[PDB]
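To keep things clear, I will list the structure first and then write my remarks on it.
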Amino acid sequence: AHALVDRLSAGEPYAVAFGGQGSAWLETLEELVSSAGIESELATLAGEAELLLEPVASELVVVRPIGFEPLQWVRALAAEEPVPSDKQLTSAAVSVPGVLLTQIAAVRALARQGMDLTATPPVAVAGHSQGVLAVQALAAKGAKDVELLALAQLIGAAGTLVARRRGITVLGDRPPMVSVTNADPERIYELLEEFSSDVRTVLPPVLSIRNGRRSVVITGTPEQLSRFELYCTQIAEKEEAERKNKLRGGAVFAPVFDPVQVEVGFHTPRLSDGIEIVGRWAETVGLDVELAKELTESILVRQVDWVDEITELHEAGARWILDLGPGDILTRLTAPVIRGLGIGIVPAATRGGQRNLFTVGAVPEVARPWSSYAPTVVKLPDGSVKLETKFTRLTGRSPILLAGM
Amino acid sequence: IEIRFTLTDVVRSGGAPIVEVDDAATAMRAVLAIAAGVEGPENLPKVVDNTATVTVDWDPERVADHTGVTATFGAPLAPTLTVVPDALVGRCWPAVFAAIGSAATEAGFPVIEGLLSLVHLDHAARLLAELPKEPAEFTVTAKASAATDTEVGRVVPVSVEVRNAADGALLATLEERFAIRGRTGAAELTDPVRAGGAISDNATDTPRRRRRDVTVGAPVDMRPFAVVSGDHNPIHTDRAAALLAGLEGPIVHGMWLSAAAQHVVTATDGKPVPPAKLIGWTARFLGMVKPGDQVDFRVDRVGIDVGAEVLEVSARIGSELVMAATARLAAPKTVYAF
Amino acid sequence: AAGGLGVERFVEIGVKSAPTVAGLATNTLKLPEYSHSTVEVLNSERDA
């Protein structure tokens, strides 16, 4: 008896969200296996992973051997001794498929208890970065499940072959993925454009993710990103001399800059040679569906305008959003984005938020629709008009006062 | 691919109930020939005659795979070059092996060589003052300088010349010496004796300087390096062949280690600028290495040759010495003002 | 910058004259060169 699903059926609508790369997936996958009492799906998913690689008529010569049997690494990690380094596990080749498996296993978990109820109905299914993959075949029939993992195996593979990290330095530390805070999307692109003016077409930084109002993410070659890092520092310091003059228009900006743990540039032209190869990799497999070409471009080259997409499905008035992504990523990214517009969001595979899911009474978490506190008009016995607010209601007077002077 | 063998039994001699076919050596060769070359590369030299490598092209993804196969971060290491001099060994490998047997081996040697008994002694890359670069094509020549036998077995030093196709000049010289353990000869005789050195005209002497304390993991499986390098030897892959050869296990490629310790010397004393700095490297394999191995390397600054710093490297897994390495490195580039 | 920015060493010679144009370089390495580069300022007098 799941109230939300029961709500979902008669009452308020729902939307599925899938997280992308940079989710710290392995520790979630390790826990998900340990927290799993049902191995039934993992039997077929492991076999089809073995199968689908063999018939491949696509090039895929380098990829298949560097691919690893998922069942072995898990059982090893369950003996508590074996596991490769985080640096090896975070590489797109083995990471991208593993992230989807964590998400797919996250789908099954809820589907175990309540399936008759916990079956299909979202309004829409949306995804982030490589998360758009697992979105597609979840909306398709169940035989398409590995096709995600199959395409993910292909996505991270070509992306790795085409472009991979050639250097890293403890300071910052410097990745292909960079994030700046507090600064306008226009201002960030300005400094971006200011710096990109000085560099060749081969290594420009570009805006990848716009996470919110003043929070963005710019990406490119780690070295060139480190150069953009220099200009923002100089401006920060020159504006410091401004702030200490005690002037507001003449005040320093207080942004927050710091890199990310992501190993390789995504949504950049540096992955452009990867699209083609990936496309052929799908058609040489039984993966044929017409969106394999569109997903790749969205993941590899085309940027992700995120806030606007999940908001669009949100402005459709769908009250609920779940995220089956590893750890939980994009569940909390979306929350202050929407905040008080009526949306509320439970991380999926999180025990606290799942406690809501499985009960009749603990379900209805619905974040406050600010319009709920919107002022109203009041009449009185002598017939005075009163503008109603949380202030007026208490005091019984107009919501205006002459402050102590 | 299948390998066949044959036995013969004469029980008149009870202590020798089994005596097995003398065609074994020639029979073993035909098996290796099918697997190794598959008649894919073909030139037909006798051991003395030059072994030619037709044409070789270096893709940017072959740069990445090798630099990704061996990586160093925790020590502030930043690999930079178009082609690491370690990448030379991948080009010259399939040609060198062809010289391991011959009529000159038929004359003075029994031609008894277990391939499982093959032991790599030393490997070195000497530069002609040219360094490898981007897309320009390479063509390699391999020659056997000598064929020697030792108290511990048969040794075949192999000289290798790497040339840029488009330009048509010799860029580098690669040196390999292999040890088969069962043979004796009148060709070249050595008891304990072999020697090699990296030497230069103008030299300066220095004092021992500790540079870096290195921590290097060995790969989980040896197949990834086997694919890139072109070394298909079942010793490093198949457990049945490794056990048959009486080995501790699926031994890590000594060649991977060679690029492993090098990549550190490349980035550490070499600093964020390795490419024009290391003009040569030599590597000696002291002991065998199993996968999943935590190995500690230490490079020191010893002396100076031709304005290039010499750097000595020692390797230890616990108490055991593993690799002895030495490299010629140019100093961090200097700009003078008066 | 056009030929690559990797590690550079700046050495001044002439013995006791060495600290000067190095100190000239040092302060110059600070103000325009704030880009965080690995650079070594060496003097014949001081840094021998």
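For neighbour counting, all protein chains shown are included, and Cβ atoms are generated from backbone atoms with ideal geometry for every residue, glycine included. FYI, it's all coordinate maths here, none of it is from the lab.
Tabulated results
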{"item": "Selection from B:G90, A:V252, A:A163 lying farthest towards where the dipole of the protein assembly as shown points positive, charges on Cβ", "result": "A:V252"}
{"item": "Charge dipole magnitude, Cβ of K and R +1, D and E -1 - the range A:40-149, Cα centre, debye nearest 20", "result": "260 debye"}
{"item": "Beta bridges by DSSP in chain B, antiparallel share as percent, to the nearest 5", "result": "95 percent"}
{"item": "Whole-Hz ³J(HN,Hα) from phi, Karplus 6.51 cos²θ - 1.76 cosθ + 1.60, for the range A:171-188, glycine and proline x", "result": "6, x, 6, 8, x, x, 10, 10, 10, 10, 10, 6, 9, 4, x, 6, 5, 5"}
{"item": "Sparsely packed trypsin sites (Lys or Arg not before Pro) within the range B:109-180, loop by DSSP, other Cβ within 10 Å at most 15", "result": "B:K133"}
{"item": "Over the range A:1-148, relative contact order from alpha-carbon pairs under 8 Å, at least 6 apart, %", "result": "46 percent"}
{"item": "Local net charge near B:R316, Cβ-Cβ under 12 Å (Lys/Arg +1, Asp/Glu -1)", "result": "-3"}
{"item": "Estimated vicinal HN-Hα couplings, Hz - the range B:130-137 in sequence order (Karplus 6.51, -1.76, 1.60; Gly, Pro = x)", "result": "9, 10, x, 9, 5, x, 3, 7"}
{"item": "Cut-off 15 Å between beta-carbons: net charge of the residues surrounding A:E240, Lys and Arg +1, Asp and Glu -1", "result": "+2"}
{"item": "Selection from A:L100, A:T389, A:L151, by position along the positive dipole direction of the protein assembly as shown (Cβ)", "result": "A:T389"}
{"item": "Long-range HN-HN contacts of A:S208 with modeled amide H, under 5 Å", "result": "A:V217, A:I218, A:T219"}
{"item": "Sum of -39500 (n - 2.57) over DSSP H runs of 4+, divided by residues of chain B (222 nm, nearest 500)", "result": "-5500 deg cm²/dmol"}
{"item": "Student exercise, the range B:156-277 dipole from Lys, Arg, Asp, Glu Cβ charges, in Debye to nearest 20", "result": "420 debye"}
{"item": "Under Karplus coefficients 6.51, -1.76 and 1.60, residue-wise ³J(HN,Hα) of the range A:236-242 in Hz, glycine/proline x", "result": "4, 6, 5, 6, 5, 5, 6"}
{"item": "Selected from B:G74, B:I180, B:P60, residue furthest toward positive end of dipole (chain B; charges at beta carbon)", "result": "B:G74"}
{"item": "Percent RCO, i.e. relative contact order, over chain A, from Cα pairs under 8 Å lying at least 6 residues apart", "result": "23 percent"}
{"item": "Given 16 as the ceiling on other Cβ atoms within 10 Å, longest exposed-site-free region of chain B for GluC sites (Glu not before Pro) in DSSP loops", "result": "B:152-247"}
{"item": "Length-normalised contact order of chain B in % [C-alpha pairs under 8 Å, at least 6 apart]", "result": "17 percent"}
{"item": "Over chain A: helical MRE at 222 nm, DSSP H runs n ≥ 4 each giving -39500 (n - 2.57), nearest 500", "result": "-14000 deg cm²/dmol"}
{"item": "Chain A, dipole about Cα centre (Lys/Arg Cβ +1, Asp/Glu Cβ -1), debye to the nearest 20", "result": "1740 debye"}
